[PDB]
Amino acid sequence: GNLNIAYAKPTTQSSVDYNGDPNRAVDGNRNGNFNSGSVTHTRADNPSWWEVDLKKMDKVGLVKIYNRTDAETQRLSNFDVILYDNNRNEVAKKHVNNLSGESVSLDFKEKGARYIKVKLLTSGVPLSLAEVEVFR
């Protein structure tokens, strides 16, 4: 029941495989079954990454990242979540080793940012996200 400022914002990612376009992580659908059409998928890049562009700077609090759930859930491990300002200067970064459940929640404590990037640190692994939600 809070405004998800990432919903329907422009997205990009390192590449696309299996028609897993990056907008699937901001489609309002948390379903993690890749066959549902809700989940992104890159090729096995060096490294794989995904990003949302808020279009303007905003003050970011909670970021909630929902994993793929039907298969290959371990791929979302050893990754950074990085905030960038309007000139793509790095303003904050958190590292996530792995998920114990279907999602992870990170609190960036009001940091001003335009872009939120999720980046695997292990190359040669596709990045698949069910949904990334971003709150003020």
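Residues carry their position along the shown sequence, with the first being 1.
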Item checked: Entry-level comparison of average CA B-factors, 93 to 101 and 46 to 54, reporting the higher stretch -> 93 to 101
Checklist line | Entry-level comparison of average CA B-factors, 10 to 18 and 108 to 116, reporting the higher stretch | finding: 108 to 116
Check: For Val60, does the deposited CA B-factor place it in the lowest, middle or highest third of the chain?
Finding: highest
Margin query: What third of the chain does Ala71 rank in for C-alpha temperature factor, lowest, middle or highest?
Written below: highest
Next item on the list: Going by the recorded CA B-factors, say which third of the chain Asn35 sits in, lowest, middle or highest.
Entry: highest
Note to self: Among the modelled residues of this chain, does the Cα B factor of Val134 put it in the lowest, middle or highest third?
What the structure shows: middle
